[PDB]
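Starting off, we have a lone chain in the form solved without N-(4-aminobenzoyl)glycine (ZWD), written out as structure tokens.
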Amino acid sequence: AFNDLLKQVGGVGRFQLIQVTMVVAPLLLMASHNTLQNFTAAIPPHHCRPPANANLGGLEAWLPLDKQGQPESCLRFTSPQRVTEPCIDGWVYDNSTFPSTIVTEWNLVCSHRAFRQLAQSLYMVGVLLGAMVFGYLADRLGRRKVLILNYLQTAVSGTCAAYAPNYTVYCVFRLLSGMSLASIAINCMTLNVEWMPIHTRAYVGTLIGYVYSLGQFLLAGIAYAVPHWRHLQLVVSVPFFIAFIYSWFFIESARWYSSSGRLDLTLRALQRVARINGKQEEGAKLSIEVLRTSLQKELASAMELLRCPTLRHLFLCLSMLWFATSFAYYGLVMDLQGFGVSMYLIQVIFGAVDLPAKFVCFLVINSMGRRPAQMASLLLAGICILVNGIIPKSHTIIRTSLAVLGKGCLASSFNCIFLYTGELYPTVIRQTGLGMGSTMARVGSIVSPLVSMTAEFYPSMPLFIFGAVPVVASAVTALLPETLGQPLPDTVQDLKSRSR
């Protein structure tokens, strides 16, 4: 087995530490890139600019007032103070907090407000495309080469977005940045796991969860330090140039070399790692014949998820769970400005709640089971979001606390569904099923900004939709079997025997 060779060349040695750390470091900026528009697309207060030929009755004589006494954002009087007209001459933006965003840069307000959400969706479209395209590319070219390309693409596209001369160019490059960043996240965990012993593989996924949580803190600090969107976009993008330079020194996974029919490449990688780990004597004992015997034994389709009636029910129910969790998650975390508290503080608190959420999810999963944990986390998240849509916006502390609880619950939902999905699918299709679940989540993050556009017509409709979907999904979990205390199924036959 390949695990025996890995233990022979050092187990979790110096090479594993160095390479895993270097590969995992860009996931710190992953959260910044995923939710950057909260700061780069922040919406400052705005109103119509008065006619140029007019002399400032003053500005108040030109602006109709809303029900709360504030000037209207999208209408001005045709004559100084009652015929209203849109902002023909543009808008005046309050620059006290956010001096420059893509909203102020390209006037993404009023009838053009939806372009802000379209840009977010196009980013998530790139994330979806990058998962599929670079998932195939990593298999043909290897994890190391694709990571090298992804770092360069992320650095170049993110920098180009910072220097975009118009909205269209910004969207194109944001989409390209999402393409490579999705591959970075996917191939970071594939490359690191393939170089780690099987009994340490769960720690790799756990460490990645801690890194993403730390990235939310990092975005808060960077955005607060760098308010200007062009500078902010640039500053989270150029670190990937550094990763691109040192990624050349990555060692491709010996397991991928063997699966590609290159044992001499497998041998060279293993001996290099043995040299780094101080196990040169063990590495010098390796040979193509030794590798051939060990990997002889080790060396279904996604359509079977729909062709098999037994696998179809699980796939459909899990797809709803994966979709809803992501759909509600990005519905909530991309609406930071809507809580009335400073977005930097909320971003900090949102990152902090991930840690107790995992601990509480860990406690519930092992005690009650995966199904009640998945049910409760989705149900409570939905209720929290739904109640947030009812409470008036003036109650900032209550609404923010509910949002934090809802965000923590959805983080627990993410933690449970990944573990639940693997124990639900048989070993023949488990990797395909986990990939299809992650795909459904990526679809949810595409749809979520689109639903957010409905706030233009009904201000509270997005929150109701973001809350209703997980509540419905919480009922879907009731159709799933409980996996706590069960052996992992191997074939679809095991699935039917378990049900019987």
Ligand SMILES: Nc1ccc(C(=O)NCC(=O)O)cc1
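Note that residue numbering follows the sequence shown and begins at 1.
Absent from the display: the form solved in complex with N-(4-aminobenzoyl)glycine (ZWD). The rest refers to it.
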I'd like to know if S445 sits close to N-(4-aminobenzoyl)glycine (ZWD) in the bound PDB entry, meaning any non-hydrogen atom pair within 4.5 angstroms. yes
Please check if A441 has a heavy atom lying within 4.5 Å of any heavy atom of N-(4-aminobenzoyl)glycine (ZWD) in the bound PDB entry. yes
Is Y167 one of the residues lying within 4.5 Å of N-(4-aminobenzoyl)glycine (ZWD) in the bound PDB entry, judged by heavy atom distances? no
Though only this chain appears here, would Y212 touch N-(4-aminobenzoyl)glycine (ZWD) in the bound PDB entry if you measure heavy atom gaps against 4.5 Å? yes
One residue of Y329, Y425, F98, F323 in contact with N-(4-aminobenzoyl)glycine (ZWD), assessed in the bound PDB entry (non-hydrogen atom, 4.5 angstroms): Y329
Exactly one of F77, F244, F250, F414 has a non-hydrogen atom within 4.5 Å of N-(4-aminobenzoyl)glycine (ZWD) in the bound PDB entry; which residue is it? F414
